[PDB]
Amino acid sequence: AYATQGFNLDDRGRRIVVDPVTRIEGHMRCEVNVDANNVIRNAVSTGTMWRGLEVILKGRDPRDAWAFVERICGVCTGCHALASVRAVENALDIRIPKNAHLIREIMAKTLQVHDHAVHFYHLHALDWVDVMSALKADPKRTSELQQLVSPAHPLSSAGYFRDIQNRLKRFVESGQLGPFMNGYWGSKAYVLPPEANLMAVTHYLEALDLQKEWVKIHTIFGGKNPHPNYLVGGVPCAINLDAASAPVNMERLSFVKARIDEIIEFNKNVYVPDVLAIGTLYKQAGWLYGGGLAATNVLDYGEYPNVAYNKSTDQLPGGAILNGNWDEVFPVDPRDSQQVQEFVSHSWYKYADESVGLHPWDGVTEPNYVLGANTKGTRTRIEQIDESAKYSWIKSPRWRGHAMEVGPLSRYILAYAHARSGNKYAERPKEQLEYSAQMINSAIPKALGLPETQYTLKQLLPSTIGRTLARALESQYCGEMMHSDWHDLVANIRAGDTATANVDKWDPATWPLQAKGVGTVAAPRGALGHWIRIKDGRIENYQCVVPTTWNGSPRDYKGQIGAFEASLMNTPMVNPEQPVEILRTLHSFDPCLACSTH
């Protein structure tokens, strides 16, 4: 037992293992200890995969790197390619043309929406929504709930919900429950009424059909989704208005705009209202657990500058907050060797000196799969992992030694802080948060006949509910932003600038013989960075620090815990043998384990 970051870790209680953690990308094991009252007093995050992309990249051509690292992850598809081309461009002093900037921004924001919406409905919703309870729902009351939750959403009739419900019933009555098989249905951790459950499952099915339309934006600009193509120096999708012979003409741009408009409708009418409603009801039930590090330490690099290459115009302005002091945002510099560092003290890697963290330009990735002496089981049959030693394929990133939470919630807390200090570029996220708090505290309770609450954003945001809300709000904001990017793109093209690629330094003979660069991205799950060293036209070093690397990290040299482990602390479980609460909170980070380990 020991204390760290205000958390009292104790491993003397009952040990519970969750392996595999499902409804995530990739492979994770989670262990917790619970006390005599089923409250979590210890949490252990274990990344259970590694591929070694950083090793594979050595000696290759920097221009090819984006395609390799894109295959770090097919869920957050393209965000690694973006980081890579940015990193190489930074190393080689390449400035991309305006159209390439705007197209990359549109692609990035499309990924944000697709990733966030699919995560919530298809990975997260089943932690809040009891599908069996949806079978008992009354169609008319479901219709009336739908009309209160989102008046503008056209799919609100009683017969529509009846038909969806009946197909569910037929599915369940077959005896082949598929993904609902052996679920935790009926647990008291589920609090939604039948009608809310039917509404949510209906939207699960709606989102499943619609999500494939949104990614056609990627397909136009990048050829395919998953894994659209990128390019060092710009974008491959050359523009010609006068014309069916080029990748991009006005018809293709009109198609993109139509998809963007549909996205805006979905976020506004389906996704944001559902999260506000579900958040309200779980708030009413008192389920405000899962804050973890969000109550103290949050980080993002900052993203989406209005003016390209001008960081002061970031529309999700970043930095670092410490100790829950929202009146002081520290600037974060990815080039500073004393800021972003990764430890491997409790990870399956080795350094020359493991008492220190390495900045990623000096990063090292040598595998070292070894288990501690207090392990229960064997090297190939683990029963209880030994967290006092090395226990994960995820490295431990820290900022000036501090453990930080990253992600949409972090970006929204930072945006709120920036807006309060006079930053005008953060106006829209501030507006969203205040709107959301009013809906959750007052408007939705009034509509459903529930008592009003008076939670501040300070109290509400650092929670699993808050983390889920911020993701939805971010999806909405991204859809809005790329609507504006589209207009700017078409305006620039019509003004006569059709350029999509700067090829001045395409040939390696033009490069400096040694160079280093960094590319950062506000990826769906938080702060993403790629750090590259180039030597004689080849990759000397390539190190990735990925958002789930931050959040999912094991303990550092000082024994400080990461965001996942902190978020599970102090949480009661209804049943220790049903990981409902563990899944709900872990899923609120949208873990991507392939990303975390790469």
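Just count from 1 along the sequence shown to find any residue number.
- Compared with other PDB entries of the same protein, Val329 is present in all of those that resolve the residues around it, none of them, let alone a third, dropping it.
- Note: missing coordinates for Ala243 occur in a third or more of the other compared entries bracketing this position.
- Counting the unmodelled positions of the deposited sequence between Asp242 and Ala243 gives a small gap of 1 to 3 residues.
- Remark: stretch with higher mean C-alpha B factor among 293-301 and 181-189 is 181-189.
- Stretches 407-415 and 263-271 differ in mean CA B factor, with 263-271 having the higher one.
- Per the deposited record, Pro194 carries the highest C-alpha B-factor of all listed residues (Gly319, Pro397, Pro194, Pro228).
- Taking the PDB entry at face value, the top CA B factor among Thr464, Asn90, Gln454, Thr110 belongs to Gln454.
- When the modelled residues of the chain are ordered by their C-alpha B factor, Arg141 lands in the highest third.
- For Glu366, the recorded CA B-factor ranks within the middle third of the chain. Only modelled residues enter the ranking.
- For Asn166, the recorded CA temperature factor ranks within the highest third of the chain's modelled residues.
- In this PDB entry, the Cα temperature factor of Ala501 sits in the middle third of its chain's modelled residues.
- Among the modelled residues of its chain, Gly519 has a C-alpha B-factor that falls in the lowest third according to the deposited record.
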